[PDB]
Amino acid sequence: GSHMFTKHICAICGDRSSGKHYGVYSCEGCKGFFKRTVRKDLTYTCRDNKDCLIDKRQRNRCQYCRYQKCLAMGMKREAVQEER
Amino acid sequence: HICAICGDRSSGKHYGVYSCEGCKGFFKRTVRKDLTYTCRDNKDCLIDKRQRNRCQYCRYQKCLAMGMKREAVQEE
DNA sequence: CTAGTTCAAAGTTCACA
DNA sequence: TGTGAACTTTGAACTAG
Ligand SMILES: [Zn+2]
Ligand SMILES: [Zn+2]
Ligand SMILES: [Zn+2]
Ligand SMILES: [Zn+2]
């Protein structure tokens, strides 16, 4: 055999996870995206058909689909706090 | 028991006052590092569970007004 | 006597076509 | 523009005895 060092991946985009953010294992990108969205109650529109692939290379291509994938994966809006 | 500073659930007496783990930690740190804050608004920010972290000056002042004593916190 | 600590998960910044 | 890597506080859980 061989020794295993624990790696977590983003449940939104499959990128390497910096830990759990807002209730789910996510990267710094998806954490920041979700924060900014929730902070100003931003709403987006999918230019395609609400089924855009959300991965490291595609995540920035559709804010709508990225946001719905955050919620579908269990990211909690109530875990986003007020400004400091 | 409720936290006399923010109204959250109190974990018991801390530095003379019934407070939450948040106000304990925040008061401990403020004293240790001898921190000075400045209010962003008008020295009368509402301090409660959801708003406690919005202004450190008004929280520290509510910590003193509710009776927290600096001399209770360990120095170095 | 009536205190102490840790560190994940909250926060915020700022370089870049 | 809006992103995300790299940073600063916070507070739930727990410590010694
Ligand atoms: Zn991600
Ligand atoms: Zn889409
Ligand atoms: Zn409190
Ligand atoms: Zn204030």
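Side chains included, hydrogens not; waters and symmetry mates left out as well; all remaining heavy atoms used. Within every chain, numbering begins at 1; the chains are lettered A, B, ... in the order of the sequence lines, protein sequences first and strands thereafter.
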Open item on the list: Return the pairing partner of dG17(D) with a 3.5 Å limit on both distances, Watson-Crick or G-U wobble; otherwise return none.
Closed with: none
- [ ] Could you tell me which nucleotide pairs with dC7(D) by Watson-Crick or G-U wobble geometry, both distances under 3.5 Å, or answer none if nothing does?
- [x] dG11(C)
Quick one: label [X] by what it contacts on the DNA or RNA (base, sugar-phosphate, nothing), any heavy atom closer than 4.0 Å.
X: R52(B); value: sugar-phosphate
X: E28(A); value: base
X: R54(B); value: nothing
X: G29(A); value: sugar-phosphate
X: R16(A); value: nothing

Open item on the list: Strictly below 4.0 Å, N to O, side chains only: are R50(B) and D8(B) in salt-bridge contact?
Closed with: no
Open item on the list: Do the side chains of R66(A) and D55(A) get close enough for a salt bridge, i.e. N-O under 4.0 angstrom?
Closed with: no
Task: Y37(B) vs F26(B), ring-ring contact (aromatic ring centres under 6.0 Å, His included): CA-CA, chis, key distance, verdict - done: CA-CA 12 Å; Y37(B) 314 111; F26(B) 175 81; 5.6 Å; yes
- [ ] Write down the distance between CG (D8(B)) and P (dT10(D)), rounded to a whole number of angstrom.
- [x] 15 Å
Task: Distance, rounded to the nearest Å, where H8(A) contributes NE2 and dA8(C) contributes P - done: 11 Å
Using only side-chain N and O atoms of [X], determine if any of them is under 4.0 Å from OP1 or OP2 of [N].
X: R32(B); N: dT9(D); result: no
X: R84(A); N: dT8(D); result: no
X: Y18(B); N: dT2(C); result: no

- [ ] Using the torsion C1'-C2'-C3'-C4', state whether the ribose or deoxyribose of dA8(C) falls on the north (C3'-endo) or south (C2'-endo) side.
- [x] south
Task: Quiz item: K31(A) side-chain donor-acceptor pair to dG11(C) base, under 3.5 Å - done: yes
TODO: Using only heavy-atom distances, decide whether a donor-acceptor pair under 3.5 angstrom links the side-chain of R29(B) to the base of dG11(D).
DONE: yes
TODO: Please confirm whether the backbone N or O of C3(B) pairs with a side-chain atom of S10(B), one donor and one acceptor, at under 3.5 Å?
DONE: no
- [ ] Rounded to the nearest 0.5 Å, what's the gap from SG on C52(A) to NZ on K69(A)? Could you check?
- [x] 11.5 Å
Task: Euclidean distance for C1', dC14(C) against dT1(D) (whole angstrom) - done: 14 Å
